[PDB]
Amino acid sequence: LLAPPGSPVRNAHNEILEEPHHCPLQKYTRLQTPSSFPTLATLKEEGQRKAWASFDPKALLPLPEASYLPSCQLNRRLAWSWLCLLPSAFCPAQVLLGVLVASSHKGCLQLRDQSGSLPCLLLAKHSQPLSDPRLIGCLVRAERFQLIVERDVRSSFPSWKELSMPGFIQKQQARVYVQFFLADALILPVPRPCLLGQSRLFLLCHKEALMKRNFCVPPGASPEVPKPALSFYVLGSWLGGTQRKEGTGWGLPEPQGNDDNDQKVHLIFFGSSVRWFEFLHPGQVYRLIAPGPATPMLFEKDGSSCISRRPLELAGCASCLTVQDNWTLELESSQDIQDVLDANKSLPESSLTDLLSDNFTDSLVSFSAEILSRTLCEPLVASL
Amino acid sequence: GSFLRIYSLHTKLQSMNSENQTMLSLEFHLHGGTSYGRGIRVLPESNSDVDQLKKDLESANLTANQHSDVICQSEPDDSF
């Protein structure tokens, strides 16, 4: 941008012998500081600084509306607000840089470097989520990003008058994270330092929620009573039989039975395998890979394995499978699957007659929606 | 906090108080003896009746629209 290629080559003879000799120092333009690369820690702690510097209740609760509020509604109104900085506008423009990783203690993505970590919300492109596990560990550079700051406050202001007083803001919590499109980022693979496997394909119907679940006593194995832990599981249908590591590729499947029941399966993710949550999405085919010696009944079923654990809402189901913490998944988009992948570029939505009707009070819905506003709700929080 | 069922619980409206003012409130009584099917039953969480009880409680908690308690709104601090 600042110095595009094409400048004339330096000729030493001319540089020495020209009468009004021109050289890179002869004629120059003063440069305004074009950009700087912050450590993710200083970015995070600029967020948690400007947030409380700009937080003024008298701007959030305007007059004359605020004159008619009881204290409970006043503080409930004040107890959540958001800030969006767009730090690329700062002078000098800050440029986000860090190696992208998926933190297996939360499943959420993170930009990481030697100064700390910053949660991020990548999108592959407008209205399509990040779908590819292969981005793990690449060095992401983004210079057109948003820095969001959610503020939670537990104030106790009595009335609009006291909004000038300091003593009532009893607790303050921020929650700063970043968000941007992959199309606006530049991605570089980090070089290496310088100086026996089976796989299978499957399509997933839908992905349960990520939450803390408890588990059953292992079947066919040691009865270690489980305890709550972060986990989720995925409903899906196998495509083809097990495949074997074959040099530059994966060999053709081993014979697979046709039975539907032998196709549909529950992939159960718990523990450090939770790092795969952000990448899996319904309606696409993923090639799961297990390293290590080729083994029968490795993908064909769980059947019996050491300390197998089905969640309570999944107990007893036959086609469950615990994905081991060292297995990995690869997105597959080869053309031979495109007719099944035609479900993509579209998202299921129920009708406004399924919604907004008294026809049933026992079923589930899915829809797109713009969010109009968000606030704390007190009855379920403390009142009852 | 137990989920509970009662059998043949009698229901009886008041219309007067001890100061001989008329006032209205509805009493509930399980008189002595299991006659007419009287008794109680501690409900297990497996039955859809208990699910319905808990669900109606949850609904009444969320879509409540009552005046908020805990006016000292700084009190919780979550699982501090």
# chains A, B, ... in the order shown; residues from 1 in each chain; ligands from 1
>>> interface_residues(of="chain A", to="chain B", cutoff="6 Å", atoms="only C-alpha atoms", output="MDAnalysis selection string")
chainID A and resid 154 380 383
>>> select_by_dssp(residues="chain B", states="alpha helix (DSSP H)", output="list in words")
residues 48, 49, 50, 51, 52, 53, 54, 55, 56, 57, 58, 59, 60, 61 and 62 of chain B
>>> closest_residue(among="A:328, A:334, A:199, A:115", to="residue 279 in chain A", atoms="only C-alpha atoms")
A:328
>>> select_by_dssp(residues="chain B", states="strand (DSSP E)", output="PyMOL selection string")
chain B and resi 4-7+10-14+25-29+39-42
>>> residues_around(residues="residue 54 in chain B", least_positions_apart="3", cutoff="12 Å", atoms="only C-alpha atoms", output="MDAnalysis selection string")
chainID B and resid 1:4 43:51 57:61
>>> atom_distance(atom1="CA of residue 56 in chain A", atom2="CA of residue 375 in chain A")
17.4 Å
>>> closest_residue(among="B:6, B:55, B:25, B:80", to="residue 40 in chain B", atoms="only C-alpha atoms")
B:6
>>> atom_distance(atom1="CA of residue 349 in chain A", atom2="CA of residue 317 in chain A")
28.5 Å
>>> residues_around(residues="residue 38 in chain B", least_positions_apart="2", cutoff="6 Å", atoms="only C-alpha atoms", output="short mmCIF file (atom, residue, chain, number, x, y, z; two decimals) with N, CA and C atoms, in the first residue's frame")
data_model
loop_
_atom_site.label_atom_id
_atom_site.label_comp_id
_atom_site.auth_asym_id
_atom_site.auth_seq_id
_atom_site.Cartn_x
_atom_site.Cartn_y
_atom_site.Cartn_z
N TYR B 7 -54.65 -36.95 48.26
CA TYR B 7 -55.87 -37.65 47.88
C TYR B 7 -57.05 -37.11 48.69
N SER B 8 -58.13 -36.76 48.00
CA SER B 8 -59.38 -36.29 48.62
C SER B 8 -59.14 -35.16 49.62
N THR B 34 -58.14 -42.57 56.66
CA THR B 34 -58.07 -42.70 55.21
C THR B 34 -59.44 -42.84 54.56
N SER B 35 -60.51 -42.52 55.29
CA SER B 35 -61.85 -42.60 54.73
C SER B 35 -61.98 -41.72 53.50
N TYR B 36 -62.86 -42.12 52.59
CA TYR B 36 -63.09 -41.40 51.33
C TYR B 36 -61.78 -41.21 50.56
#
>>> residues_around(residues="range 72-86 of chain A", least_positions_apart="3", cutoff="8 Å", atoms="only C-alpha atoms", output="PDB file with N, CA, C and O atoms, in the first residue's frame")
ATOM      1  N   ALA A  51     -13.909   0.708  28.235  1.00  0.00           N
ATOM      2  CA  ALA A  51     -15.261   0.309  28.611  1.00  0.00           C
ATOM      3  C   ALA A  51     -15.755   1.096  29.819  1.00  0.00           C
ATOM      4  O   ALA A  51     -16.806   1.743  29.762  1.00  0.00           O
ATOM      5  N   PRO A  57     -24.058   6.078  33.419  1.00  0.00           N
ATOM      6  CA  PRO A  57     -25.489   5.733  33.472  1.00  0.00           C
ATOM      7  C   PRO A  57     -26.407   6.835  32.976  1.00  0.00           C
ATOM      8  O   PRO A  57     -27.467   6.535  32.414  1.00  0.00           O
ATOM      9  N   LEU A  60     -27.286   6.257  29.508  1.00  0.00           N
ATOM     10  CA  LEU A  60     -28.043   5.043  29.223  1.00  0.00           C
ATOM     11  C   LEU A  60     -29.499   5.179  29.659  1.00  0.00           C
ATOM     12  O   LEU A  60     -30.397   4.625  29.015  1.00  0.00           O
ATOM     13  N   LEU A  61     -29.747   5.916  30.746  1.00  0.00           N
ATOM     14  CA  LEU A  61     -31.084   6.171  31.273  1.00  0.00           C
ATOM     15  C   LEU A  61     -31.451   7.638  31.067  1.00  0.00           C
ATOM     16  O   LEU A  61     -31.281   8.451  31.982  1.00  0.00           O
ATOM     17  N   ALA A  66     -36.436   8.403  32.407  1.00  0.00           N
ATOM     18  CA  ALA A  66     -35.920   7.806  33.632  1.00  0.00           C
ATOM     19  C   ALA A  66     -36.620   8.321  34.882  1.00  0.00           C
ATOM     20  O   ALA A  66     -36.478   7.714  35.946  1.00  0.00           O
ATOM     21  N   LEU A  69     -39.122   5.617  36.863  1.00  0.00           N
ATOM     22  CA  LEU A  69     -38.684   4.240  37.071  1.00  0.00           C
ATOM     23  C   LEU A  69     -38.568   3.928  38.559  1.00  0.00           C
ATOM     24  O   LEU A  69     -37.973   4.716  39.303  1.00  0.00           O
ATOM     25  N   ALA A  89      -9.859   2.051  13.715  1.00  0.00           N
ATOM     26  CA  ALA A  89      -9.995   3.488  13.540  1.00  0.00           C
ATOM     27  C   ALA A  89      -9.023   4.276  14.400  1.00  0.00           C
ATOM     28  O   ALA A  89      -8.773   5.450  14.108  1.00  0.00           O
ATOM     29  N   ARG A 144      -9.147  -5.424   9.794  1.00  0.00           N
ATOM     30  CA  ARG A 144     -10.483  -4.827   9.701  1.00  0.00           C
ATOM     31  C   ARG A 144     -11.410  -5.670  10.581  1.00  0.00           C
ATOM     32  O   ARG A 144     -12.167  -6.516  10.100  1.00  0.00           O
ATOM     33  N   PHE A 145     -11.348  -5.431  11.890  1.00  0.00           N
ATOM     34  CA  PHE A 145     -12.026  -6.264  12.871  1.00  0.00           C
ATOM     35  C   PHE A 145     -12.758  -5.402  13.890  1.00  0.00           C
ATOM     36  O   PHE A 145     -12.483  -4.209  14.037  1.00  0.00           O
ATOM     37  N   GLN A 146     -13.697  -6.026  14.598  1.00  0.00           N
ATOM     38  CA  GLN A 146     -14.459  -5.375  15.655  1.00  0.00           C
ATOM     39  C   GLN A 146     -14.032  -5.920  17.010  1.00  0.00           C
ATOM     40  O   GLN A 146     -13.906  -7.135  17.181  1.00  0.00           O
ATOM     41  N   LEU A 147     -13.835  -5.026  17.973  1.00  0.00           N
ATOM     42  CA  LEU A 147     -13.525  -5.402  19.350  1.00  0.00           C
ATOM     43  C   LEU A 147     -14.750  -5.099  20.205  1.00  0.00           C
ATOM     44  O   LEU A 147     -15.074  -3.933  20.437  1.00  0.00           O
ATOM     45  N   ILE A 148     -15.431  -6.143  20.663  1.00  0.00           N
ATOM     46  CA  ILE A 148     -16.679  -6.009  21.407  1.00  0.00           C
ATOM     47  C   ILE A 148     -16.371  -6.050  22.893  1.00  0.00           C
ATOM     48  O   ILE A 148     -15.405  -6.689  23.318  1.00  0.00           O
ATOM     49  N   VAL A 149     -17.191  -5.369  23.690  1.00  0.00           N
ATOM     50  CA  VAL A 149     -17.050  -5.352  25.143  1.00  0.00           C
ATOM     51  C   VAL A 149     -18.452  -5.427  25.733  1.00  0.00           C
ATOM     52  O   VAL A 149     -19.215  -4.458  25.659  1.00  0.00           O
ATOM     53  N   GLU A 150     -18.799  -6.568  26.319  1.00  0.00           N
ATOM     54  CA  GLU A 150     -20.046  -6.698  27.059  1.00  0.00           C
ATOM     55  C   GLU A 150     -19.804  -6.315  28.514  1.00  0.00           C
ATOM     56  O   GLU A 150     -18.879  -6.832  29.148  1.00  0.00           O
ATOM     57  N   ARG A 151     -20.626  -5.412  29.043  1.00  0.00           N
ATOM     58  CA  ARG A 151     -20.497  -4.926  30.413  1.00  0.00           C
ATOM     59  C   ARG A 151     -21.662  -5.437  31.246  1.00  0.00           C
ATOM     60  O   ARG A 151     -22.822  -5.203  30.900  1.00  0.00           O
ATOM     61  N   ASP A 152     -21.354  -6.117  32.347  1.00  0.00           N
ATOM     62  CA  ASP A 152     -22.342  -6.501  33.347  1.00  0.00           C
ATOM     63  C   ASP A 152     -22.114  -5.672  34.601  1.00  0.00           C
ATOM     64  O   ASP A 152     -20.976  -5.551  35.065  1.00  0.00           O
ATOM     65  N   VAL A 153     -23.186  -5.108  35.146  1.00  0.00           N
ATOM     66  CA  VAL A 153     -23.106  -4.244  36.319  1.00  0.00           C
ATOM     67  C   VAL A 153     -24.230  -4.626  37.274  1.00  0.00           C
ATOM     68  O   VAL A 153     -25.338  -4.955  36.840  1.00  0.00           O
ATOM     69  N   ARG A 154     -23.938  -4.591  38.575  1.00  0.00           N
ATOM     70  CA  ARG A 154     -24.923  -4.936  39.595  1.00  0.00           C
ATOM     71  C   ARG A 154     -25.205  -3.722  40.474  1.00  0.00           C
ATOM     72  O   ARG A 154     -25.017  -3.768  41.693  1.00  0.00           O
ATOM     73  N   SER A 155     -25.677  -2.638  39.856  1.00  0.00           N
ATOM     74  CA  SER A 155     -25.853  -1.365  40.541  1.00  0.00           C
ATOM     75  C   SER A 155     -27.030  -1.411  41.514  1.00  0.00           C
ATOM     76  O   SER A 155     -27.842  -2.338  41.507  1.00  0.00           O
ATOM     77  N   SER A 156     -27.118  -0.375  42.358  1.00  0.00           N
ATOM     78  CA  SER A 156     -28.203  -0.242  43.328  1.00  0.00           C
ATOM     79  C   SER A 156     -28.725   1.193  43.401  1.00  0.00           C
ATOM     80  O   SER A 156     -29.123   1.656  44.473  1.00  0.00           O
ATOM     81  N   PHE A 157     -28.745   1.904  42.276  1.00  0.00           N
ATOM     82  CA  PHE A 157     -29.208   3.288  42.273  1.00  0.00           C
ATOM     83  C   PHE A 157     -30.659   3.359  42.745  1.00  0.00           C
ATOM     84  O   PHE A 157     -31.495   2.582  42.267  1.00  0.00           O
ATOM     85  N   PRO A 158     -31.003   4.263  43.677  1.00  0.00           N
ATOM     86  CA  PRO A 158     -32.418   4.425  44.048  1.00  0.00           C
ATOM     87  C   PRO A 158     -33.273   5.107  42.987  1.00  0.00           C
ATOM     88  O   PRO A 158     -34.370   4.626  42.689  1.00  0.00           O
ATOM     89  N   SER A 159     -32.806   6.215  42.412  1.00  0.00           N
ATOM     90  CA  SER A 159     -33.624   6.976  41.478  1.00  0.00           C
ATOM     91  C   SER A 159     -32.735   7.681  40.467  1.00  0.00           C
ATOM     92  O   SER A 159     -31.507   7.631  40.542  1.00  0.00           O
ATOM     93  N   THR A 375     -31.591  -8.075  27.659  1.00  0.00           N
ATOM     94  CA  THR A 375     -31.536  -7.533  29.010  1.00  0.00           C
ATOM     95  C   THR A 375     -31.564  -8.672  30.012  1.00  0.00           C
ATOM     96  O   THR A 375     -31.941  -9.799  29.689  1.00  0.00           O
ATOM     97  N   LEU A 376     -31.165  -8.363  31.244  1.00  0.00           N
ATOM     98  CA  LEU A 376     -31.271  -9.341  32.315  1.00  0.00           C
ATOM     99  C   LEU A 376     -32.732  -9.544  32.694  1.00  0.00           C
ATOM    100  O   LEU A 376     -33.559  -8.640  32.561  1.00  0.00           O
ATOM    101  N   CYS A 377     -33.042 -10.746  33.167  1.00  0.00           N
ATOM    102  CA  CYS A 377     -34.369 -11.105  33.644  1.00  0.00           C
ATOM    103  C   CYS A 377     -34.251 -11.530  35.102  1.00  0.00           C
ATOM    104  O   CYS A 377     -33.425 -12.386  35.435  1.00  0.00           O
ATOM    105  N   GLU A 378     -35.067 -10.929  35.971  1.00  0.00           N
ATOM    106  CA  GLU A 378     -34.841 -11.029  37.410  1.00  0.00           C
ATOM    107  C   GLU A 378     -35.635 -12.138  38.103  1.00  0.00           C
ATOM    108  O   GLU A 378     -35.112 -12.754  39.041  1.00  0.00           O
TER     109      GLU A 378
ATOM    110  N   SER B  68     -40.427  -7.560  41.346  1.00  0.00           N
ATOM    111  CA  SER B  68     -39.166  -8.240  41.618  1.00  0.00           C
ATOM    112  C   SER B  68     -38.775  -8.127  43.088  1.00  0.00           C
ATOM    113  O   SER B  68     -38.834  -7.044  43.680  1.00  0.00           O
ATOM    114  N   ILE B  71     -34.646  -6.432  46.404  1.00  0.00           N
ATOM    115  CA  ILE B  71     -34.468  -5.040  45.993  1.00  0.00           C
ATOM    116  C   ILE B  71     -33.015  -4.600  46.125  1.00  0.00           C
ATOM    117  O   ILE B  71     -32.551  -3.738  45.369  1.00  0.00           O
ATOM    118  N   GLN B  73     -30.258  -5.251  44.818  1.00  0.00           N
ATOM    119  CA  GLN B  73     -29.915  -6.047  43.643  1.00  0.00           C
ATOM    120  C   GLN B  73     -28.431  -6.391  43.542  1.00  0.00           C
ATOM    121  O   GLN B  73     -28.062  -7.176  42.661  1.00  0.00           O
TER     122      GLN B  73
END
>>> residues_around(residues="residue 228 in chain A", least_positions_apart="3", cutoff="8 Å", atoms="only C-alpha atoms", output="count of residues only")
4
>>> atom_distance(atom1="CA of residue 370 in chain A", atom2="CA of residue 278 in chain A")
21.5 Å
>>> residues_around(residues="residue 303 in chain A", least_positions_apart="3", cutoff="12 Å", atoms="only C-alpha atoms", output="JSON, numbers by chain")
{"A": [218, 219, 220, 221, 296, 297, 298, 299, 300, 306, 307, 308, 309, 316, 317, 318, 319, 320, 321, 322]}
